[PDB]
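There are 2 protein chains.
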Amino acid sequence: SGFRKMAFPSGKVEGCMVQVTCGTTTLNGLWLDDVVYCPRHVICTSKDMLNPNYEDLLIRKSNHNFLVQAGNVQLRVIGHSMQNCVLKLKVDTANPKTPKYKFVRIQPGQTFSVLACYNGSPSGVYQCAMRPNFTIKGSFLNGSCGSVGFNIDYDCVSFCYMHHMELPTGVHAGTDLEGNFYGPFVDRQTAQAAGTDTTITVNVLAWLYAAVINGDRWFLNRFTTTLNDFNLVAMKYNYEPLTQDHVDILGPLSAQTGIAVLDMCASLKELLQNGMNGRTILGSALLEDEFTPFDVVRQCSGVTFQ
Amino acid sequence: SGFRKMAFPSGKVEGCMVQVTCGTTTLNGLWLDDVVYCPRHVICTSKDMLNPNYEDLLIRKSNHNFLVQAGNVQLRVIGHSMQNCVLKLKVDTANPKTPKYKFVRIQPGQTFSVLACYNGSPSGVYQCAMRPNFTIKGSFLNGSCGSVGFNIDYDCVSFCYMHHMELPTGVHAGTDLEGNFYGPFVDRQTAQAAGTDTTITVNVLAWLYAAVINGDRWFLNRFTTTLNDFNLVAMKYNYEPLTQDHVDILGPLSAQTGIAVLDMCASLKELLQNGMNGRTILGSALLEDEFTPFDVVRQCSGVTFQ
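Read top to bottom, the protein sequences are chains B and A.
Under the deposited numbering, the first residue of the first sequence carries the number 1, and numbering increases by one thereafter.
Under the deposited numbering, the first residue of the second sequence carries the number 1, and numbering increases by one thereafter.
Below, the structure is given as structure tokens:
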């Protein structure tokens with residue numbers, strides 16, 4: 001038993017991390033088959049970033065202007081291209097360590113693992129969630145740009161995130177691997193409003209199920225509630241409204257614990273309205289919303305990937 | 001910026017995980033050079049576990065009684081032997097993916113990464129702390145036994161933990177890679193008393209420093225305190241006593257932030273006596289003790305390993 005915030009094993013992703021250098025700037029790139037993916041702002045200087053015209057900036061660059069190093073192997077750049085906010089550097093040799101992979105645009109409220117990298121070398125891996133406002137609360141220092149987030153689905157690495165910038169408010173923003181930002185953000189050094197963030201209600205309920213599986217009763221109540229009436233309380237505490245799609249997602253957790261979803265909603269309702277009274281759930285003094293229902297079933301059944 | 005509970009990249013360790021099966025039991029093994037290391041209790045049945053005579057049990061076993069699976073290739077076991085509580089299965093072929101590695105016995109309060117595994121397949125990775133009572137609060141289901149914990153020190157994998165058992169109270173226990181348990185525990189299915197656990201005071205201070213580095217300084221108070229007077233307060237709240245060794249270890253964080261170690265203890269003293277009053281520190285409503293001072297410096301300077 002036990003419950004932890006678990007990241008996917010990163011081996012398959014480590015093999016794809018390269019160092020990409022253009023002019024003075026060095027960040028991380030993703031080498032799959034014979035293409036390296038990296039944030040296009042690698043072609044910028046500190047002052048360019050205030051208002052870059054990326055097309056003009058890239059025109060002054062040629063293939064040989066790009067220094068791509070994969071460990072100690074020098075890669076040869078035979079093409080360069082801009083797709084939305086990502087740069088696709090065509091290189092002469094395919095990555096032999098290329099895993100089975102696809103590019104995926106995830107939904108707000110889904111989770112993924114991040115392999116934080118500096119100069120193309122992996123330093124850590126951690127789990128996180130794409131917030132409802134399309135930000136992520138991560139750990140990215142100078143030169144972490146181009147680090148990617150991913151899920152593993154059996155043998156297939158699903159790349160969903162590439163890191164581009166820290167907002168003035170300290171949260172993080174980035175693109176899918178086709179270069180479309182999550183949210184309203186742009187790769188330019190200006191103040192940028194993230195939305196009002198909300199708590200991912202379906203995730204919080206999945207975590208309450210994880211609590212019961214592991215021995216925590218105490219929040220279980222004698223009440224129940226209705227879908228319509230729970231969302232009234234949700235709106236007051238800035239929880240995402242619950243839909244029937246969400247209730248269906250919680251079916252298996254419902255069936256294993258024997259606790260109907262609206263009964264768990266009633267327990268959560270009392271928690272929002274009266275707090276936790278300085279007691280904890282699965283060791284936490286707050287309500288946790290960074291486990292999807294799939295994350296909970298994986299950790300409580302032991303799904304492996306090889 | 002940002003701060004996360006970050007695990008080491010797991011690639012080098014994934015390459016060493018195999019599946020080891022004996023009778024009905026299947027758990028995980030660590031294939032380094034031509035030896036597979038796994039818990040010796042794989043040679044036990046459910047009923048054997050009540051009181052195993054491991055010497056007699058291992059005498060009755062033959063090489064062919066050990067089915068070692070590495071991906072799709074089954075390895076041929078040409079020897080078996082017991083070193084304390086770990087079983088050493090000599091195999092026909094040396095692991096071509098063997099990293100530079102050492103076997104290390106860690107101290108209570110240090111941290112390490114766990115590659116949680118089932119049937120020899122990596123399923124997840126997370127950071128954890130060896131508690132002062134020599135247990136770990138991990139996430140281990142049936143067949144996770146033999147999962148290992150480790151640190152990376154530049155290029156060398158330092159294996160420090162092998163998982164063996166869940167205590168009846170739900171916490172976890174295991175050995176170093178020489179088969180010596182951490183703590184008073186034994187590999188037999190009986191009630192086993194773990195110690196009184198305490199909070200790792202030096203880790204909490206490291207995290208408070210991590211908080212200041214990242215912009216959370218509401219808890220900074222204007223006072224100081226003495227080492228003797230702080231430990232008096234610490235003992236009342238089941239914190240580990242702080243030593244000068246601990247103060248010296250926090251030196252670099254002290255110098256980077258401009259907050260003397262004893263001033264930070266004064267902040268912590270107040271935090272223990274009046275709680276957090278519904279504020280958070282680095283997103284958390286409780287005081288975190290699973291980051292060592294080295295963990296904080298790694299994540300705040302961006303040290304990589306590849």
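We put the beta carbon where it would ideally sit given N, CA and C, even for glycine.
Under the three-state reduction of DSSP output, A/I152 falls in the strand class. B/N119 belongs to the set of residues whose beta carbon lies under 8 Å from a beta carbon in chain A. Taking all protein chains in view, the Cβ of A/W31 is crowded by 16 or more other Cβ atoms within 10 Å, so the residue is classified as buried.
In this structure, the CA atom of A/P293 is about 46 Å from the CA atom of B/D56.
What A/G71 touches in chain B, judged by beta-carbon distance under 9 Å, is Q306, going in chain order. If one requires a minimum length of 3 residues, the beta strand (DSSP E) runs lying completely within the stretch 21 to 86 of chain A are 25 to 32, 35 to 39, 67 to 70, 73 to 75 and 77 to 83, in chain order.
Cβ-Cβ separation between A/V77 and A/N95: approximately 14 Å, too far for a contact (criterion under 8 Å).
Contact with chain A is absent for B/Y239, since none of that chain's Cβ atoms lies less than 8 Å from the residue's Cβ.
Excluding residues up to 5 positions away in sequence, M17, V18, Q19 and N28 lie with their Cβ nearer than 6 Å to the Cβ of B/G120 in the same chain.
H172: these are the residues of the stretch 172 to 196 of chain A whose beta carbon lies less than 8 Å from some beta carbon of chain B, given in chain order. Residue contact check for A/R4 against chain B: a CB pair falls below 8 Å. In this structure, the beta-carbon distance from A/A255 to A/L242 does not fall below 8 Å.
Just measuring C-alpha positions, the residue of A/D216, A/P122 and A/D48 sitting nearest A/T190 is A/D48. Within chain A, the C-beta atoms nearer than 9 Å to that of B/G143 come from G302, in chain order. A straight-line Cα-Cα distance of about 19 Å links A/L87 and A/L115.
For A/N65, same chain residues with a beta-carbon under 7 Å away, outside a window of 5 residues either side, are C22 in chain order.
C-alpha of A/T280 to C-alpha of A/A211: approximately 10 Å in a straight line. Here B/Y237 carries a coil assignment [DSSP, helix/strand/coil]. If you check each beta-carbon in the stretch 148 to 159 of chain B against every beta-carbon of chain A, none falls closer than 8 Å. The C-alpha of B/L208 lies about 47 Å from the C-alpha of B/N72. When the five nearest sequence neighbours on each side are left out, the beta carbons in the same chain lying within less than 6 Å of the beta carbon of A/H246 are those of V202, in order along the chain. Residue pairing by DSSP puts A/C128 in a beta bridge opposite A/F112.
By the C-beta criterion, the stretch 163 to 176 of chain B is judged not to be in contact with the stretch 159 to 167 of chain A, since fewer than 3 inter-stretch pairs fall below 8 Å. Secondary structure note for B/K12: its alpha helix (DSSP H) is the uninterrupted segment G11 to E14. Near chain B, meaning a CB-to-CB distance below 7 Å, the residues of the stretch 121 to 140 of chain A are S121, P122, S123, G124, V125, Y126, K137, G138, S139 and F140.
If you compare the alpha carbons of A/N277, A/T175 and A/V125 with that of A/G146, the shortest gap goes to A/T175.
Between B/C128 and B/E290, the CB-CB gap stays under 8 Å. Taking all protein chains in view, the Cβ of A/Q299 is crowded by 16 or more other Cβ atoms within 10 Å, so the residue is classified as buried.
Not a single CB atom of chain A sits nearer than 8 Å to the CB of B/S81. B/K5 has its alpha-carbon roughly 29 Å from the corresponding atom of B/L227.
Annotation: B/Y209 is outside any beta strand (DSSP E); the continuous alpha helix (DSSP H) that includes it extends over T201 to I213.
Setting aside the 5 residues that flank it on each side, A/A7 is surrounded in the same chain by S113, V114, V125, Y126 and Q127, each with a C-beta closer than 8 Å to its C-beta; the list follows chain order. Counting along the chain, the unbroken beta strand (DSSP E) around B/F103 starts and ends at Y101 to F103.
In the DSSP annotation of this structure, the continuous segment of the beta strand (DSSP E) that includes A/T175 starts and ends at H172 to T175. Nearest to B/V91 by C-alpha distance, out of B/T98, B/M82 and B/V36, is B/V36. In terms of CA proximity to B/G170, A/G283 leads the group A/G283, A/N231, A/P9 and A/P252.
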